[PDB]
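Here is what each chain is made of, one letter per residue.
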Amino acid sequence: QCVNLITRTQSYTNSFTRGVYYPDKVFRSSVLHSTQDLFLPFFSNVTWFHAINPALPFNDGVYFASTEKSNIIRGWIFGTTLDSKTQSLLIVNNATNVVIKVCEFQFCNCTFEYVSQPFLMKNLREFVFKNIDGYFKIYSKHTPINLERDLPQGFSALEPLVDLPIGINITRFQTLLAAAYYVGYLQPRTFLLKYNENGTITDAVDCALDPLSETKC
Amino acid sequence: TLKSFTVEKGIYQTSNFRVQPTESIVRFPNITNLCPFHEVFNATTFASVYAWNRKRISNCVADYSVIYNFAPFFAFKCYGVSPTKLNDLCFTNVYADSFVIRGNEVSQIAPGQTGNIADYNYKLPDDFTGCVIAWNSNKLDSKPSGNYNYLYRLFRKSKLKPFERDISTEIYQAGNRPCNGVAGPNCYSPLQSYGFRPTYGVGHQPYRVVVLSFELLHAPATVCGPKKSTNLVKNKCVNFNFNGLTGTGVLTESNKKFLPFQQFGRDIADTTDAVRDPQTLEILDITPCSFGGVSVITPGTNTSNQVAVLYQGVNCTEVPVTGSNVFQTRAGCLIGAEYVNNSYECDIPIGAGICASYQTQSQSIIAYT
Amino acid sequence: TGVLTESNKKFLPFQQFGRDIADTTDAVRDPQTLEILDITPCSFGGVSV
Amino acid sequence: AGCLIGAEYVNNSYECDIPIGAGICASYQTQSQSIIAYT
Amino acid sequence: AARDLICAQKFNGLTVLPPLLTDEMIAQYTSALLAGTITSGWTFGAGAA
Amino acid sequence: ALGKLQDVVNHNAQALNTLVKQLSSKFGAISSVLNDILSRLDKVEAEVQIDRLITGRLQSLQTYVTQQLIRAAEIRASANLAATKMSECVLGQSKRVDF
Amino acid sequence: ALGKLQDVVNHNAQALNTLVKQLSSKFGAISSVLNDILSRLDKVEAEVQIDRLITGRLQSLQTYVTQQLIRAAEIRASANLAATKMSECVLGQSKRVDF
Amino acid sequence: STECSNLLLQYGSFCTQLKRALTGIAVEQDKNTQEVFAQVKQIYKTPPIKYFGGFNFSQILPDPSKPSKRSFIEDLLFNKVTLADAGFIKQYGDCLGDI
Amino acid sequence: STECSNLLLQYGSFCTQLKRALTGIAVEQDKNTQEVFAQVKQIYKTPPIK
Ligand SMILES: *[C@@H]1O[C@H](CO)[C@@H](O[C@@H]2O[C@H](CO)[C@@H](O)[C@H](O)[C@H]2NC(C)=O)[C@H](O)[C@H]1NC(C)=O
Ligand SMILES: *[C@@H]1O[C@H](CO)[C@@H](O)[C@H](O)[C@H]1NC(C)=O
Ligand SMILES: *[C@@H]1O[C@H](CO)[C@@H](O)[C@H](O)[C@H]1NC(C)=O
Ligand SMILES: *[C@@H]1O[C@H](CO)[C@@H](O)[C@H](O)[C@H]1NC(C)=O
Ligand SMILES: *[C@@H]1O[C@H](CO)[C@@H](O)[C@H](O)[C@H]1NC(C)=O
Ligand SMILES: *[C@@H]1O[C@H](CO)[C@@H](O)[C@H](O)[C@H]1NC(C)=O
Ligand SMILES: *[C@@H]1O[C@H](CO)[C@@H](O)[C@H](O)[C@H]1NC(C)=O
């Protein structure tokens, strides 16, 4: 079991208009569409964690980001209390499958199991975890990052991979394991999304950032 | 249209014309399994309301007309749908939740409802689309000494979100004195047993409840009923039925770049523009069948009964069928009036510099600039 | 929702409420102590950019 | 017309560019690029 | 004590915008027109006074 | 003598007074107060009354805006006539009879 | 310089775009798609939702026709002014000041 | 939808009077254009000599080279106003293109 | 009221076009006053001898 957690070094950085996902599974082209959902606000304060780990809150959805080329980051742990008492997700990647389990694993009754296709393979890995109405949605996107430090300037819409009908309570989360990652929290926001002629979200406007964007909305 | 028996000289806007569909096309996913509704409604014991089961039903053909033979219930209480139409339309995933409550608490199993069961045991969403089934079980879930195997929750620090479960039995703290695992004067057990005896009234008798929850259409469809499919035709005005999406129009191959998680496409006025076929993964446009407006150009009824017809906005190559004269206009196209090279003053205005009149040529309706 | 202010309105002893032209409550009486309170809406306005 | 935040008043008089209210207009000027309000 | 209907108008979403030209500016326009037609005639309307 | 400008004031005053007074109507619902409807009924039974109040208040607002548009057209015609009289009677001498 | 005719074009475009975009509204019904309502429900409930959609679309189309009537009256007044200016400025010589 | 039409038939003659209002507006627009521009009884034309005492008039007289006999200023005013095609030449035929 | 706002969102764009109509009227009033009174280009003043 041991401890071997190597403290936790915190820092703060800027989101830089990042963390936008497709709100539904409907094709739309050459149209501006207004959506009210749980979005990461533009130019928000996201927290950078380093490890060369106490419990982090799950505040109405989590934006996760990692710029790790060395490929040490491998998984996530969700739930409320990490024991054999309360229900808790156990997303572990074995480089071939994603095992998802609800009861316990002792962190060295049961209702749900799942298995999947590999998520992963100078790259940026973005994730959105959301818990609404007994569901659990994961959005993801890979990006060929350049200019290594901090989050890039631009847009990259997050396509969904998996929607998981878990149906339990989430308040806290941990991460499996040099290792550095960005954590931001989603807020209920109204966005104005721009679709190009190919159906790809290219630009967005956050209606509650400044008076100019409220005028645009 | 004028509601009169005499018609004066001029042009009048009559009813529109449509092209009728030829055949009907049904497209359903290639699924042959049968949904196990029998093992949900026929079990020896059901769970309590604080520990309700949740069975996932997917990748099968569902027949909802066999539910009536399986359990003796009066009605089939649906929100958002109807019990008759469940065999035609179809979903992505079905969820079955079975539990046992009292007779007074059946009205609490409803969207937008509060109470004891709705706040502490089982909460339904406000946008619930699904069917609740409840039937009396005083002969199976009751004992003359009192059935004590069914429990329910009275105390909780907060309310419950829709579709959540509470299993843990911790001692409730009603005051400032801590409990620490001791049920004292201010501490009580959160779970209390139902009292089910056959001598009780019908409002206190046990009731078995099965709730079916439907996910309408966001995923590829896996639970679709026994409706057979038909071969796919294109470039023709037909009725279509794609996984319960009905309509009338013309289907053709498309250059739309659908992302692999997208199964629909919408327009500005919230209508379906493109669709993916559920059997072969191809994208089809949906274009409404050819139409337009029909105008009638006439002199007075006291003058003549001759008539010309203008199909406005319609090329006469698209016109199916009415005189022997066909003229092309920028305002539509004209049938029944011939074109002359002379120019007169405008008698009956058609448009784009084109007017029409009725004169001797013996007498006929002519069109001119 | 509003701001409660101590009032000088001469409520009769049989009267418990005071209402406006647009069918809204302007004054209320406290149920515990015999006091009349004006209810005004909170500060609002329009924003032009 | 109310409270104006973000534009600084000048003791000059030009033609109206953006109307605001009771004799007050606003404009965008060079003499650093800035937004001003005037009569 | 005498309730104003303008307050009930304002509290229910109905506001009144002020005009762009004040009464002093309208009076200055009127004075300029009247001084021009007194001291020049119709010549100030067709060009220079 | 100045009856027209007083009528211009009075029409807008009585239009705003009627728009305020239209909030007292129930429009077939159980109450004209929205908080009483939300406090008395649950969500499903109160959404019908809230929709009835919404339709009634929306129709009253449509009526006010249409009447304001018609009166604005009339005032625009009168202002065009006043501008023509400023250009012709004041800035020149008019041979038009009774203009 | 040509902002008046551009506004004439833009208003006629914007009213039609508003009329098309208004068809996506639910007006209190379960859906804005008519075939979805007919597929989901039986006859009486679908008739209720159809009646809600019919009333909403009828009100929207009546609003469009009323605004078109007021704009047509304004355009007719402008056309009468243009015809008067064609008769007096072009076909003759005007003594009216600022005409 | 046949059911929607059958429930729409019970609302009376709203459609007929809306159609009548739109037809009246459409006829009134052509009446406005006719009463503005068609004020001359005969189509006059300029002699091929182009001397008018030193005045030019080259920019307002039509150019015979173009298929539409518009002047230079008329071509400028037509190019500047971004007027939509408004679906004149077979808008359904344009909508049939797989684009 | 939040519930009334959520139910009012289902009625489309009535409240926006009412605002557009009233904004057009409010601009037209200022245009009327400027067209009537602001006809002169310079502010003439009378000499002191009356
Ligand atoms: C009348 O106006 C036309 C167009 O402005 C003049 O034609 C131009 O003349 C200049 C030299 O005088 C040429 O360089 C141009 O090519 C001519 N055409 C155009 C389209 O500009 C014409 O000369 C004028 N008439 C007189 C008598 O000067
Ligand atoms: C985020 O919050 C911390 C808290 O002190 C602050 O120091 C930091 O500057 C913030 N980041 C910003 C504003 O980008
Ligand atoms: C479930 O999560 C909510 C978060 O809002 C919390 O208030 C509640 O106490 C949690 N319940 C349990 C049993 O963990
Ligand atoms: C859309 O896709 C085509 C072909 O893939 C490409 O040529 C075009 O540039 C794309 N448009 C964008 C990215 O806006
Ligand atoms: C069902 O039919 C479609 C169309 O022929 C075919 O592509 C698909 O493979 C079939 N599915 C199975 C399981 O045979
Ligand atoms: C359930 O199944 C058993 C055998 O599988 C059968 O005898 C019985 O009639 C069924 N129904 C009920 C209500 O028990
Ligand atoms: C009408 O149809 C013909 C033949 O298909 C086509 O060539 C033409 O472009 C169409 N339109 C017009 C305005 O003639």
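Residues numbered from 1 in each chain as written, not as in the entry; some residues may be left out. Chains lettered and ligands numbered in written order. Part of a larger assembly, values for the part shown. Heavy atoms only, no water.

With the PDB entry as reference, chain E is termed Spike glycoprotein, source organism Severe acute respiratory syndrome coronavirus 2.

Peer 1: Please set out the arrangement of the chains residue by residue, giving values where relevant.
Peer 2: Counting contacts across all 15 pairs of chains found in contact, the highest total belongs to chains G and H. Left apart from each other, chain D and chain H have a closest C-alpha approach of 24 Å. (Contact = heavy atoms within 4.5 Å.)

Peer 1: Outline the UniProt feature "disulfide bond" in chain D, supporting the account with residue identities and numerical values.
Peer 2: At 2.0 Å between sulfur atoms, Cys16(D) and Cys25(D) form the disulfide that UniProt records. Classification of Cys25(D) by relative accessible area gives buried; the value is 6%. (Disulfide = S-S within 2.5 Å. UniProt positions renumbered as here; feature names shortened; annotations may be inferred. Buried < 20%, exposed > 50% of the residue type's maximum accessible area, 1.4 Å probe, protein only.)

Peer 1: Pulling in residues and values, what's your account of the interface of chain I and chain F?
Peer 2: With 17 residues of chain I at the interface, the matching set in chain F holds 24 residues. Counting the surface lost from both chain I and chain F, the interface buries some 1900 Å², and carbon and sulfur atoms represent 73% of this. Contact with chain F buries area across many residues of chain I, yet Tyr11(I), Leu18(I) and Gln39(I) alone supply 28% of it, more than any other trio. With a closest N to O distance of 3.0 Å, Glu28(I) and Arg76(F) form a salt bridge. Viewed at the interface, chain F and chain I are joined by four residue pairs in polar contact. Ranked by the residues each element gives to the side of chain I that touches chain F, the list is headed by helix 2 (residues 14–37) of chain I, at ten residues. In terms of residue class, the side of chain I that touches chain F is made up of ten nonpolar, four polar and three charged. (Buried area = accessible area lost by both parts, 1.4 Å probe. Salt bridge = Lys/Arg side-chain N within 4 Å of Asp/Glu carboxyl O. Polar contact = N/O pair within 3.5 Å; in protein donor to acceptor, adjacent residues only side chain to side chain. Helix = DSSP H or I, 4+ residues; strand = E, 2+ residues; numbered from the N terminus. Nonpolar A, V, L, I, M, F, W, Y, C, P; charged D, E, K, R; others polar.)

Peer 1: Residues and numbers for unusual backbone geometry, please.
Peer 2: Residues other than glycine seldom take positive phi values, yet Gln106(A) does so here, at roughly 70°. Here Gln106(A) shows up in the loop between strand 9 (98–99) and strand 10 (124–130). Positive phi is not limited to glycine here, since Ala352(B) has a value of about 55°. With respect to the helices and strands, the residue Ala352(B) is situated in the loop between strand 23 (348–351) and strand 24 (354–360).

Peer 1: Explain the packing of aromatic side chains to me, and be specific about the residues and the numbers.
Peer 2: Counted by the stated rule, this structure contains 50 aromatic pairs over all chains. Ring centres 4.9 Å apart and planes at 45° place the aromatic pair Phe99(B) and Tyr122(B) in the tilted group. Taken together, the residues span a long stretch of sequence, with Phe99(B) in strand 6 (residues 94–101) and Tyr122(B) in the loop between helix 3 (117–120) and strand 7 (130–136) at a distance of 23 residues. Given a relative accessible area of 0%, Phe99(B) falls into the buried group. Members of the aromatic cluster, joined through ring pairs, are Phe49(A), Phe58(A), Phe64(A), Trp76(A), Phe78(A), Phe119(A), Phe127(A), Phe129(A), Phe136(A), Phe173(A) and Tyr181(A). Cation over ring: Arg165(B) sits above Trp52(B), and NZ or CZ is 4.5 Å from the ring centre. For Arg96(G), the ring lying beneath its charged end belongs to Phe99(G), and the centroid distance is 4.0 Å. (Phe/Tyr/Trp six-rings, centres within 6.5 Å; stacked < 30°, edge-to-face > 60°. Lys NZ or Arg CZ within 6 Å of the ring centre and 35° of its normal.)

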